[PDB]
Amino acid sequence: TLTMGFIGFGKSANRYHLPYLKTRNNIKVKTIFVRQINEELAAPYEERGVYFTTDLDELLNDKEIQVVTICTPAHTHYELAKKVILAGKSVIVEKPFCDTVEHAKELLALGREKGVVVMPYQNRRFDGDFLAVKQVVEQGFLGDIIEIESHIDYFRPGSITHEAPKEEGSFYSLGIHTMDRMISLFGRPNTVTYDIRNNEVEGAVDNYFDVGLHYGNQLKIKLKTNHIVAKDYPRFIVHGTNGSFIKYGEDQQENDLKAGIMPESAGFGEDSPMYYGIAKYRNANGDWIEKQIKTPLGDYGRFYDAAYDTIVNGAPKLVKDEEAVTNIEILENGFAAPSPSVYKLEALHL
């Protein structure tokens, strides 16, 4: 079985990680590192083989831990991921994988010679809505896709009202997710279009973005996040030469988790029928078709399943290096020049 450890015990760890791990028989969470142990938030876990320590080395030196998940503040990712790759352990890093496009390459390179797996945490590649469009595009019955719009909107006027560094903005904390899974399906684009700003406060950190990733001359996928959307856009708009696929309703795992409903419970991550995506396409006979597509089951744990299969079964790494590095690049160059801006992408020669 796989023996893992954690560095950090905050919100994300307690919501998007551990909860799904209580079901994986093959994964063994041995030790969790924490700056300071919170008896109330640690007890529940200590009642299990889990050990909390305040000494980082006491985990980095443990020849038992095989991989460790870093989920602490962004200002500490590069350093930590490097220290863990230094020991003979694999890493799993929460957004952002790294600060600069250079550091990311380095880390990935270091992991190779050390013969360990370095991989960013892209759980939202297991969202039902995404999984649904993934499936469709995979079956290719919609023909050749020419446009795909992806939204992550809210109605929170007044939410973001202060200035801050680019890493604490929408594009960085939310775009990474949408952009990531689109890149994992269609590849690295040739050119990118940027619209990033704060529609409510001049210089405040970005709380709005509209990013276009151009693939050739036909295909383009848009990444849109707005915090002032009263009536939601479709979660995913997909147009192909043969038809379309519209999917309303986002994955509910995040809401269930926020409402004490955990993964083991029945129907968890199950989408509402009213929100099943609608497909409208004409077949070879020119016959128009309009049907619903049962939304795939959204399970964030599936990320931990691929990491288990990638480490102990040499299976192919879920998040390829090319995507991981491409993500940082697009994300980093959005702030290279005032918005709106354009930026071409040269091939990746790793």
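Quick note: we count residues from 1 along the sequence shown, nothing fancier.
(message) Quick check: 96-104 versus 221-229, which has the larger average CA B-factor in the record?
(response) Of 96-104 and 221-229, the stretch with the higher C-alpha B-factor average is 96-104.
(request) Select between 164-172 and 121-129 the stretch whose C-alpha atoms have the higher average B-factor in the entry. (result) Per the PDB record, 164-172.
(request) For the C-alpha B-factor as written in the entry, point me to the maximum among 29, 67, 70, 324. (result) Highest C-alpha B-factor among the listed residues goes to 324.
(request) Report the option among 244, 90, 272, 139 whose CA atom has the maximum B-factor in the deposited record. (result) It is 139.
(request) Going by the recorded CA B-factors, say which third of the chain residue 254 sits in, lowest, middle or highest. (result) Middle third.
(request) Relative to the other modelled residues of the same chain, rank the CA B-factor of residue 22 and answer lowest, middle or highest third. (result) Middle third, going by the recorded CA B-factors of the chain.
(message) Which third, lowest, middle or highest, does the C-alpha temperature factor of residue 181 belong to within its own chain?
(response) Lowest third.
(request) Give the position of residue 348 by CA B-factor within its chain, expressed as the lowest, middle or highest third. (result) Its C-alpha B-factor, which the entry lists for residue 348, ranks in the highest third among residues of this chain.
(message) Splitting the chain's C-alpha B-factors into thirds, which one does residue 150 fall into?
(response) Within its chain, residue 150 is a lowest-third residue by C-alpha B-factor, going by the deposited values.
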